>>> print(open('coords.cif').read())   # mmCIF, C-alpha atoms and all ligand atoms
data_data
#
loop_
_atom_site.label_atom_id
_atom_site.label_comp_id
_atom_site.auth_asym_id
_atom_site.auth_seq_id
_atom_site.Cartn_x
_atom_site.Cartn_y
_atom_site.Cartn_z
CA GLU X 276 -1.61 -15.77 -25.39
CA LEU X 277 -1.63 -12.76 -27.73
CA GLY X 278 -1.88 -9.88 -25.29
CA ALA X 279 -2.80 -6.29 -26.01
CA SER X 280 0.82 -5.09 -26.13
CA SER X 281 2.80 -8.35 -25.94
CA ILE X 282 2.67 -12.08 -26.58
CA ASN X 283 2.79 -13.89 -23.23
CA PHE X 284 4.82 -17.08 -22.92
CA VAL X 285 4.20 -19.66 -20.21
CA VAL X 286 6.92 -21.63 -18.41
CA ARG X 287 6.02 -24.45 -16.03
CA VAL X 288 8.58 -26.47 -14.09
CA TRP X 289 8.46 -28.77 -11.07
CA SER X 290 10.81 -28.60 -8.09
CA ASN X 291 10.96 -29.64 -4.46
CA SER X 292 8.76 -27.60 -2.15
CA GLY X 293 11.89 -26.35 -0.38
CA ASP X 294 13.38 -24.88 -3.57
CA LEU X 295 10.25 -23.31 -5.08
CA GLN X 296 10.79 -19.63 -4.26
CA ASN X 297 14.56 -19.80 -4.74
CA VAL X 298 14.24 -21.37 -8.19
CA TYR X 299 11.55 -18.83 -9.07
CA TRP X 300 13.82 -15.91 -8.18
CA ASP X 301 16.91 -17.39 -9.85
CA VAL X 302 15.03 -18.27 -13.04
CA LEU X 303 13.42 -14.82 -13.22
CA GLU X 304 16.76 -13.05 -12.83
CA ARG X 305 18.43 -15.31 -15.40
CA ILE X 306 15.52 -14.80 -17.81
CA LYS X 307 15.87 -11.04 -17.56
CA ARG X 308 19.64 -11.18 -18.05
CA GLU X 309 19.47 -13.54 -21.04
CA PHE X 310 16.69 -11.59 -22.75
CA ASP X 311 18.62 -8.34 -22.28
CA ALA X 312 21.78 -9.93 -23.69
CA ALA X 313 20.00 -11.80 -26.50
CA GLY X 314 17.98 -8.84 -27.76
CA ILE X 315 14.44 -9.81 -26.74
CA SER X 316 12.65 -6.80 -25.25
CA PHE X 317 9.93 -6.57 -22.63
CA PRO X 318 7.53 -3.97 -24.07
CA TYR X 319 5.98 -0.98 -22.38
CA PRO X 320 2.23 -0.45 -22.77
CA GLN X 321 1.62 0.36 -26.43
CA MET X 322 -0.86 2.60 -28.22
CA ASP X 323 -1.47 3.75 -31.80
CA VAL X 324 -2.33 7.45 -32.04
CA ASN X 325 -3.92 8.91 -35.18
CA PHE X 326 -3.49 12.68 -35.43
CA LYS X 327 -6.19 15.07 -36.60
CA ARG X 328 -6.62 18.84 -36.80
CA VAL X 329 -2.85 19.27 -37.04
CA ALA D 221 -17.07 -16.46 15.51
CA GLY D 222 -14.10 -15.10 13.53
CA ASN D 223 -10.34 -15.03 13.24
CA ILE D 224 -8.37 -13.18 15.90
CA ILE D 225 -5.24 -11.66 14.38
CA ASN D 226 -2.97 -11.09 17.35
CA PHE D 227 0.01 -8.84 16.73
CA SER D 228 1.44 -7.99 20.13
CA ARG D 229 1.83 -11.75 20.65
CA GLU D 230 5.06 -12.28 18.69
CA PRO D 231 7.94 -9.99 19.74
CA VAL D 232 9.45 -9.92 16.22
CA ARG D 233 7.77 -9.07 12.91
CA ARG D 234 8.74 -8.60 9.27
CA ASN D 235 8.86 -5.59 6.95
CA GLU D 236 8.33 -5.83 3.19
CA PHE D 237 9.44 -3.13 0.75
CA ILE D 238 8.48 -3.15 -2.93
CA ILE D 239 10.94 -0.99 -4.88
CA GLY D 240 10.28 -0.41 -8.57
CA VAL D 241 13.16 0.87 -10.69
CA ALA D 242 13.67 1.48 -14.41
CA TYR D 243 14.39 -1.38 -16.82
CA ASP D 244 17.93 -0.13 -17.50
CA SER D 245 18.92 -0.11 -13.82
CA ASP D 246 21.77 -2.50 -13.09
CA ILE D 247 20.43 -5.39 -11.04
CA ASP D 248 23.74 -5.95 -9.26
CA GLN D 249 24.06 -2.28 -8.30
CA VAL D 250 20.49 -2.11 -6.99
CA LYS D 251 20.95 -5.30 -4.96
CA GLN D 252 24.26 -4.09 -3.51
CA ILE D 253 22.79 -0.70 -2.58
CA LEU D 254 19.80 -2.31 -0.87
CA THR D 255 22.03 -4.79 0.97
CA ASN D 256 24.26 -1.98 2.23
CA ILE D 257 21.19 -0.01 3.31
CA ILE D 258 19.71 -2.92 5.28
CA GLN D 259 23.04 -4.06 6.76
CA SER D 260 23.72 -0.63 8.31
CA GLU D 261 20.49 -0.59 10.33
CA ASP D 262 20.99 -1.82 13.89
CA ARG D 263 17.27 -2.45 14.46
CA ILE D 264 17.13 -5.15 11.75
CA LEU D 265 17.69 -8.60 13.25
CA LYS D 266 20.66 -10.13 11.42
CA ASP D 267 19.77 -13.64 12.62
CA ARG D 268 16.62 -13.73 10.48
CA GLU D 269 16.37 -13.73 6.68
CA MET D 270 17.24 -10.53 4.79
CA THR D 271 16.01 -11.09 1.24
CA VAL D 272 16.58 -8.45 -1.44
CA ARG D 273 16.14 -9.67 -5.01
CA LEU D 274 14.21 -9.09 -8.21
CA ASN D 275 10.61 -10.12 -7.60
CA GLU D 276 8.72 -9.19 -10.77
CA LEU D 277 8.88 -7.63 -14.25
CA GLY D 278 6.22 -4.95 -14.03
CA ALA D 279 4.58 -3.04 -16.85
CA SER D 280 6.84 0.01 -16.46
CA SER D 281 9.41 -1.15 -13.89
CA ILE D 282 11.11 -4.19 -12.37
CA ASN D 283 9.98 -4.52 -8.75
CA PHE D 284 12.49 -5.57 -6.12
CA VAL D 285 11.49 -7.10 -2.79
CA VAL D 286 13.19 -6.41 0.54
CA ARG D 287 12.26 -8.38 3.65
CA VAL D 288 13.79 -7.79 7.07
CA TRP D 289 12.86 -8.72 10.63
CA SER D 290 12.82 -6.33 13.57
CA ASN D 291 11.26 -6.00 17.01
CA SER D 292 7.56 -5.16 16.97
CA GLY D 293 8.37 -1.84 18.64
CA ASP D 294 10.71 -0.74 15.84
CA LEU D 295 8.68 -1.89 12.82
CA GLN D 296 7.21 1.40 11.60
CA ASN D 297 10.30 3.43 12.51
CA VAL D 298 12.62 1.10 10.61
CA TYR D 299 10.20 1.11 7.68
CA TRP D 300 10.24 4.91 7.48
CA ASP D 301 14.01 5.20 7.98
CA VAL D 302 14.78 2.52 5.39
CA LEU D 303 12.40 4.05 2.86
CA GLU D 304 13.94 7.51 3.24
CA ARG D 305 17.48 6.11 3.02
CA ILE D 306 16.53 4.05 -0.04
CA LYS D 307 15.21 7.13 -1.81
CA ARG D 308 18.29 9.17 -0.92
CA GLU D 309 20.77 6.48 -1.98
CA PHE D 310 18.96 5.76 -5.26
CA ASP D 311 18.87 9.48 -6.07
CA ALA D 312 22.58 9.81 -5.30
CA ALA D 313 23.60 6.56 -7.00
CA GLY D 314 21.71 7.18 -10.24
CA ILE D 315 18.92 4.60 -10.04
CA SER D 316 15.62 6.17 -11.10
CA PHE D 317 12.06 5.42 -10.06
CA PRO D 318 10.14 5.50 -13.36
CA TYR D 319 6.91 7.26 -14.18
CA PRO D 320 4.20 5.26 -15.96
CA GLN D 321 5.52 4.47 -19.43
CA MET D 322 3.88 4.12 -22.83
CA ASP D 323 5.02 3.60 -26.42
CA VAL D 324 3.12 5.76 -28.92
CA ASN D 325 3.20 5.01 -32.65
CA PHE D 326 2.22 7.99 -34.78
CA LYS D 327 0.00 7.80 -37.85
CA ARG D 328 -1.63 10.29 -40.21
CA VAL D 329 1.10 12.83 -39.44
CA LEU R 167 -15.28 -28.59 20.27
CA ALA R 168 -16.55 -31.19 17.80
CA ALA R 169 -14.48 -29.67 14.99
CA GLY R 170 -11.38 -29.72 17.18
CA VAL R 171 -11.96 -33.37 18.06
CA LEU R 172 -12.31 -34.20 14.36
CA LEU R 173 -9.15 -32.27 13.48
CA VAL R 174 -7.29 -34.17 16.20
CA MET R 175 -8.55 -37.53 14.92
CA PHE R 176 -8.26 -36.86 11.19
CA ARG R 177 -5.06 -34.92 10.65
CA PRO R 178 -5.37 -32.63 7.61
CA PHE R 179 -2.47 -30.67 9.12
CA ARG R 180 0.00 -30.88 11.99
CA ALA R 181 2.05 -28.46 14.07
CA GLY R 182 4.73 -27.10 11.75
CA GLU R 183 2.88 -27.52 8.45
CA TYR R 184 2.18 -24.59 6.15
CA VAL R 185 -1.56 -24.44 5.43
CA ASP R 186 -4.21 -22.09 4.02
CA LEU R 187 -7.34 -22.28 6.18
CA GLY R 188 -9.76 -20.26 4.07
CA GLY R 189 -7.90 -17.12 3.04
CA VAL R 190 -5.27 -17.25 5.81
CA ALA R 191 -1.94 -19.02 5.39
CA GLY R 192 0.85 -19.67 7.88
CA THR R 193 2.77 -22.29 9.83
CA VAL R 194 0.51 -24.16 12.25
CA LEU R 195 1.68 -23.75 15.84
CA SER R 196 -0.85 -25.88 17.74
CA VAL R 197 -4.33 -27.41 17.48
CA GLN R 198 -6.48 -26.98 20.59
CA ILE R 199 -10.00 -27.91 21.66
CA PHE R 200 -11.74 -24.71 20.55
CA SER R 201 -9.24 -23.11 18.15
CA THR R 202 -5.83 -23.53 16.55
CA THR R 203 -2.98 -21.00 16.46
CA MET R 204 -1.01 -20.34 13.27
CA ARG R 205 1.82 -17.88 12.61
CA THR R 206 1.62 -16.18 9.21
CA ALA R 207 4.81 -15.70 7.20
CA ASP R 208 4.67 -12.00 8.08
CA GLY R 209 5.15 -12.88 11.75
CA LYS R 210 1.75 -12.30 13.34
CA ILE R 211 -0.30 -14.85 15.29
CA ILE R 212 -3.78 -15.78 14.06
CA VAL R 213 -6.34 -17.76 16.06
CA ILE R 214 -9.11 -19.51 14.13
CA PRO R 215 -12.14 -21.34 15.59
CA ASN R 216 -12.13 -25.04 14.78
CA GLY R 217 -15.70 -25.04 13.46
CA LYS R 218 -14.89 -22.44 10.82
CA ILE R 219 -11.82 -24.46 9.80
CA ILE R 220 -13.81 -27.68 9.46
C1 LIG T 401 -18.61 -32.60 21.97
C2 LIG T 401 -18.72 -33.72 20.94
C3 LIG T 401 -17.43 -34.52 20.80
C4 LIG T 401 -17.52 -35.65 19.78
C5 LIG T 401 -17.56 -35.16 18.34
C6 LIG T 401 -17.89 -36.26 17.33
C7 LIG T 401 -16.69 -37.13 16.97
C8 LIG T 401 -17.05 -38.27 16.03
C9 LIG T 401 -15.85 -39.05 15.51
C10 LIG T 401 -16.23 -40.21 14.60
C11 LIG T 401 -15.04 -40.90 13.96
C12 LIG T 401 -15.45 -42.08 13.08
#
>>> encode(input="coords.cif", output="structure tokens")
Amino acid sequence: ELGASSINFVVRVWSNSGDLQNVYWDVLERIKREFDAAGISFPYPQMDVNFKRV
Amino acid sequence: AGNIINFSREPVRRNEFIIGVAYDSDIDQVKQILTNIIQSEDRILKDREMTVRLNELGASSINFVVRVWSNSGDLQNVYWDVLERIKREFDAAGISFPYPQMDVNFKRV
Amino acid sequence: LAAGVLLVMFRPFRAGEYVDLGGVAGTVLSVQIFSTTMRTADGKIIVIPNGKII
């Protein structure tokens, strides 16, 4: 999807019902670490402001 | 003709904290601080599961989740004590709870 | 009573199985004649009439 302030990626993976939450947490933490190290940036809410009556 | 949510039935219940810190906060430091906070409370049952780990990448912060079990009589008290201690430790350690954030791009300067 | 009999005969769930009986989720503790008892992940006990479940 092309969101308002970011482009959302989707990741879907299958795992045993006993390892669902654990794999979710591990993958999320690893995703954050890799993106921080690689350069990819999670963006804050964005907004273009046009000034008038300066 | 409806569900009957009984609380006083089970002698042990769970507390859930949602802590949102800045995006530059060290994950390892936050996890260690939370673990030390929840391991020093004597009213938190150590037999049960004590989960503290990154739970979500919010719009302005990364939310951590803390889950701890305690007797039904000590639920609210442990919640309040743990919340106050969390705030104090984060303030002393350096971790910062962020205000709502927003990137503004200027035009027609 | 009829719903409980049906749930005993046809077994959509058994004691110890995580289920979501219409907006409420938790491990099933026991199925009885008039209602079944489940324990939500939070740690509280919920009693649901069998007819509503069915
Ligand atoms: C009080 C009524 C008890 C009987 C409920 C009906 C059970 C029908 C089962 C049919 C299985 C094929």
>>> residues_near_ligand(input="coords.cif", ligand="ligand LIG 401 (chain T)", cutoff="9 Å", atoms="only C-alpha atoms and all ligand atoms", output="number ranges by chain")
R: 167-172, 175-176
>>> write_last_selection(input="coords.cif", atoms="C-alpha atoms", output="short mmCIF file (atom, residue, chain, number, x, y, z; two decimals), in the frame of the given file")
data_model
loop_
_atom_site.label_atom_id
_atom_site.label_comp_id
_atom_site.auth_asym_id
_atom_site.auth_seq_id
_atom_site.Cartn_x
_atom_site.Cartn_y
_atom_site.Cartn_z
CA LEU R 167 -15.28 -28.59 20.27
CA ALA R 168 -16.55 -31.19 17.80
CA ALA R 169 -14.48 -29.67 14.99
CA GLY R 170 -11.38 -29.72 17.18
CA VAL R 171 -11.96 -33.37 18.06
CA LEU R 172 -12.31 -34.20 14.36
CA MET R 175 -8.55 -37.53 14.92
CA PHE R 176 -8.26 -36.86 11.19
#
>>> closest_residue(input="coords.cif", among="X:323, X:309, X:294, X:276", to="chain D", atoms="only C-alpha atoms")
X:323
>>> atom_distance(input="coords.cif", atom1="CA of residue 317 (chain D)", atom2="CA of residue 240 (chain D)")
6.3 Å
>>> residues_around(input="coords.cif", residues="residue 192 (chain R)", least_positions_apart="2", cutoff="7 Å", atoms="only C-alpha atoms", output="list in words")
residues 184, 185, 186, 190, 194, 204, 205, 206 and 207 of chain R
>>> write_last_selection(input="coords.cif", atoms="C-alpha atoms", output="PDB file, in the coordinates of the input")
ATOM      1  CA  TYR R 184       2.180 -24.590   6.150  1.00  0.00           C
ATOM      2  CA  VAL R 185      -1.560 -24.440   5.430  1.00  0.00           C
ATOM      3  CA  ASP R 186      -4.210 -22.090   4.020  1.00  0.00           C
ATOM      4  CA  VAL R 190      -5.270 -17.250   5.810  1.00  0.00           C
ATOM      5  CA  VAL R 194       0.510 -24.160  12.250  1.00  0.00           C
ATOM      6  CA  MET R 204      -1.010 -20.340  13.270  1.00  0.00           C
ATOM      7  CA  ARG R 205       1.820 -17.880  12.610  1.00  0.00           C
ATOM      8  CA  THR R 206       1.620 -16.180   9.210  1.00  0.00           C
ATOM      9  CA  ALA R 207       4.810 -15.700   7.200  1.00  0.00           C
TER      10      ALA R 207
END
>>> interface_residues(input="coords.cif", of="chain R", to="chain D", cutoff="8 Å", atoms="all atoms listed in the file", output="list in words")
residues 208, 209, 210, 211, 212, 213, 214, 215 and 218 of chain R
>>> write_last_selection(input="coords.cif", atoms="C-alpha atoms", output="PDB file, in the coordinates of the input")
ATOM      1  CA  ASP R 208       4.670 -12.000   8.080  1.00  0.00           C
ATOM      2  CA  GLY R 209       5.150 -12.880  11.750  1.00  0.00           C
ATOM      3  CA  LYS R 210       1.750 -12.300  13.340  1.00  0.00           C
ATOM      4  CA  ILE R 211      -0.300 -14.850  15.290  1.00  0.00           C
ATOM      5  CA  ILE R 212      -3.780 -15.780  14.060  1.00  0.00           C
ATOM      6  CA  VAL R 213      -6.340 -17.760  16.060  1.00  0.00           C
ATOM      7  CA  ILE R 214      -9.110 -19.510  14.130  1.00  0.00           C
ATOM      8  CA  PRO R 215     -12.140 -21.340  15.590  1.00  0.00           C
ATOM      9  CA  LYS R 218     -14.890 -22.440  10.820  1.00  0.00           C
TER      10      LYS R 218
END
>>> closest_atom_pairs(input="coords.cif", of="chain X", to="chain D", cutoff="12 Å", atoms="only C-alpha atoms", output="JSON lines")
{"residue": "X:280", "atom": "CA", "partner": "D:323", "partner_atom": "CA", "distance": 9.7}
{"residue": "X:281", "atom": "CA", "partner": "D:279", "partner_atom": "CA", "distance": 10.7}
{"residue": "X:296", "atom": "CA", "partner": "D:275", "partner_atom": "CA", "distance": 10.1}
{"residue": "X:297", "atom": "CA", "partner": "D:273", "partner_atom": "CA", "distance": 10.3}
{"residue": "X:298", "atom": "CA", "partner": "D:275", "partner_atom": "CA", "distance": 11.8}
{"residue": "X:299", "atom": "CA", "partner": "D:275", "partner_atom": "CA", "distance": 8.9}
{"residue": "X:300", "atom": "CA", "partner": "D:275", "partner_atom": "CA", "distance": 6.6}
{"residue": "X:301", "atom": "CA", "partner": "D:274", "partner_atom": "CA", "distance": 8.9}
{"residue": "X:302", "atom": "CA", "partner": "D:274", "partner_atom": "CA", "distance": 10.4}
{"residue": "X:303", "atom": "CA", "partner": "D:274", "partner_atom": "CA", "distance": 7.7}
{"residue": "X:304", "atom": "CA", "partner": "D:274", "partner_atom": "CA", "distance": 6.6}
{"residue": "X:305", "atom": "CA", "partner": "D:274", "partner_atom": "CA", "distance": 10.4}
{"residue": "X:306", "atom": "CA", "partner": "D:277", "partner_atom": "CA", "distance": 10.4}
{"residue": "X:307", "atom": "CA", "partner": "D:277", "partner_atom": "CA", "distance": 8.5}
{"residue": "X:308", "atom": "CA", "partner": "D:247", "partner_atom": "CA", "distance": 9.1}
{"residue": "X:311", "atom": "CA", "partner": "D:244", "partner_atom": "CA", "distance": 9.5}
{"residue": "X:316", "atom": "CA", "partner": "D:243", "partner_atom": "CA", "distance": 10.2}
{"residue": "X:317", "atom": "CA", "partner": "D:277", "partner_atom": "CA", "distance": 8.5}
{"residue": "X:318", "atom": "CA", "partner": "D:279", "partner_atom": "CA", "distance": 7.9}
{"residue": "X:319", "atom": "CA", "partner": "D:322", "partner_atom": "CA", "distance": 5.5}
{"residue": "X:320", "atom": "CA", "partner": "D:322", "partner_atom": "CA", "distance": 4.9}
{"residue": "X:321", "atom": "CA", "partner": "D:323", "partner_atom": "CA", "distance": 4.7}
{"residue": "X:322", "atom": "CA", "partner": "D:324", "partner_atom": "CA", "distance": 5.1}
{"residue": "X:323", "atom": "CA", "partner": "D:325", "partner_atom": "CA", "distance": 4.9}
{"residue": "X:324", "atom": "CA", "partner": "D:326", "partner_atom": "CA", "distance": 5.3}
{"residue": "X:325", "atom": "CA", "partner": "D:327", "partner_atom": "CA", "distance": 4.9}
{"residue": "X:326", "atom": "CA", "partner": "D:328", "partner_atom": "CA", "distance": 5.7}
{"residue": "X:327", "atom": "CA", "partner": "D:328", "partner_atom": "CA", "distance": 7.5}
{"residue": "X:328", "atom": "CA", "partner": "D:329", "partner_atom": "CA", "distance": 10.1}
{"residue": "X:329", "atom": "CA", "partner": "D:329", "partner_atom": "CA", "distance": 7.9}
>>> atom_distance(input="coords.cif", atom1="CA of residue 295 (chain D)", atom2="CA of residue 308 (chain D)")
20.1 Å
>>> residues_around(input="coords.cif", residues="region 260-268 of chain D", least_positions_apart="6", cutoff="8 Å", atoms="all atoms listed in the file", output="PyMOL selection string")
chain D and resi 288-291+294+298
>>> atom_distance(input="coords.cif", atom1="CA of residue 180 (chain R)", atom2="CA of residue 201 (chain R)")
13.6 Å
>>> build_atoms(input="coords.cif", residues="region 304-329 of chain X", atoms="N, CA and C atoms", output="mmCIF file, in the frame of the given file")
data_model
loop_
_atom_site.group_PDB
_atom_site.id
_atom_site.type_symbol
_atom_site.label_atom_id
_atom_site.label_comp_id
_atom_site.auth_asym_id
_atom_site.auth_seq_id
_atom_site.Cartn_x
_atom_site.Cartn_y
_atom_site.Cartn_z
ATOM 1 N N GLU X 304 15.591 -13.888 -12.604
ATOM 2 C CA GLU X 304 16.760 -13.050 -12.830
ATOM 3 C C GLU X 304 17.526 -13.498 -14.073
ATOM 4 N N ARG X 305 17.708 -14.811 -14.236
ATOM 5 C CA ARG X 305 18.430 -15.310 -15.400
ATOM 6 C C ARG X 305 17.661 -15.025 -16.685
ATOM 7 N N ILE X 306 16.332 -15.121 -16.644
ATOM 8 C CA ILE X 306 15.520 -14.800 -17.810
ATOM 9 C C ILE X 306 15.730 -13.356 -18.215
ATOM 10 N N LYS X 307 15.672 -12.446 -17.241
ATOM 11 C CA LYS X 307 15.870 -11.040 -17.560
ATOM 12 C C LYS X 307 17.248 -10.806 -18.162
ATOM 13 N N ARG X 308 18.281 -11.392 -17.554
ATOM 14 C CA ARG X 308 19.640 -11.180 -18.050
ATOM 15 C C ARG X 308 19.798 -11.718 -19.468
ATOM 16 N N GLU X 309 19.314 -12.937 -19.720
ATOM 17 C CA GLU X 309 19.470 -13.540 -21.040
ATOM 18 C C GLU X 309 18.697 -12.765 -22.095
ATOM 19 N N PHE X 310 17.466 -12.353 -21.781
ATOM 20 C CA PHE X 310 16.690 -11.590 -22.750
ATOM 21 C C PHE X 310 17.357 -10.255 -23.051
ATOM 22 N N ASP X 311 17.900 -9.589 -22.029
ATOM 23 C CA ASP X 311 18.620 -8.340 -22.280
ATOM 24 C C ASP X 311 19.838 -8.580 -23.160
ATOM 25 N N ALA X 312 20.587 -9.653 -22.896
ATOM 26 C CA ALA X 312 21.780 -9.930 -23.690
ATOM 27 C C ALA X 312 21.422 -10.433 -25.087
ATOM 28 N N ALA X 313 20.354 -11.223 -25.211
ATOM 29 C CA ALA X 313 20.000 -11.800 -26.500
ATOM 30 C C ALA X 313 19.381 -10.780 -27.444
ATOM 31 N N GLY X 314 18.615 -9.829 -26.917
ATOM 32 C CA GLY X 314 17.980 -8.840 -27.760
ATOM 33 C C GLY X 314 16.485 -8.727 -27.523
ATOM 34 N N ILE X 315 15.867 -9.805 -27.043
ATOM 35 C CA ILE X 315 14.440 -9.810 -26.740
ATOM 36 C C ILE X 315 14.145 -8.632 -25.820
ATOM 37 N N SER X 316 12.984 -8.008 -25.992
ATOM 38 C CA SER X 316 12.650 -6.800 -25.250
ATOM 39 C C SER X 316 11.283 -6.942 -24.608
ATOM 40 N N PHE X 317 11.210 -6.651 -23.316
ATOM 41 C CA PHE X 317 9.930 -6.570 -22.630
ATOM 42 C C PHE X 317 9.278 -5.235 -22.955
ATOM 43 N N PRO X 318 8.091 -5.218 -23.551
ATOM 44 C CA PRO X 318 7.530 -3.970 -24.070
ATOM 45 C C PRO X 318 6.736 -3.187 -23.036
ATOM 46 N N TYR X 319 6.842 -1.869 -23.138
ATOM 47 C CA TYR X 319 5.980 -0.980 -22.380
ATOM 48 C C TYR X 319 4.581 -0.996 -22.968
ATOM 49 N N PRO X 320 3.585 -0.539 -22.216
ATOM 50 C CA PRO X 320 2.230 -0.450 -22.770
ATOM 51 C C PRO X 320 2.239 0.342 -24.070
ATOM 52 N N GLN X 321 1.581 -0.200 -25.088
ATOM 53 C CA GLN X 321 1.620 0.360 -26.430
ATOM 54 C C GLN X 321 0.286 1.002 -26.781
ATOM 55 N N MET X 322 0.330 1.879 -27.781
ATOM 56 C CA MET X 322 -0.860 2.600 -28.220
ATOM 57 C C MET X 322 -0.613 3.262 -29.571
ATOM 58 N N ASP X 323 -1.532 3.071 -30.513
ATOM 59 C CA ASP X 323 -1.470 3.750 -31.800
ATOM 60 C C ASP X 323 -2.299 5.028 -31.724
ATOM 61 N N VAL X 324 -1.694 6.145 -32.112
ATOM 62 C CA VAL X 324 -2.330 7.450 -32.040
ATOM 63 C C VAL X 324 -2.438 8.007 -33.451
ATOM 64 N N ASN X 325 -3.659 8.325 -33.872
ATOM 65 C CA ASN X 325 -3.920 8.910 -35.180
ATOM 66 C C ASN X 325 -4.188 10.402 -34.980
ATOM 67 N N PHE X 326 -3.388 11.240 -35.629
ATOM 68 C CA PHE X 326 -3.490 12.680 -35.430
ATOM 69 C C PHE X 326 -4.549 13.287 -36.342
ATOM 70 N N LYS X 327 -5.197 14.333 -35.838
ATOM 71 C CA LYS X 327 -6.190 15.070 -36.600
ATOM 72 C C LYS X 327 -6.121 16.534 -36.183
ATOM 73 N N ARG X 328 -6.625 17.404 -37.058
ATOM 74 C CA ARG X 328 -6.620 18.840 -36.800
ATOM 75 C C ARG X 328 -5.218 19.342 -36.497
ATOM 76 N N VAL X 329 -4.229 18.849 -37.235
ATOM 77 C CA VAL X 329 -2.850 19.270 -37.040
ATOM 78 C C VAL X 329 -2.718 20.774 -37.199
#
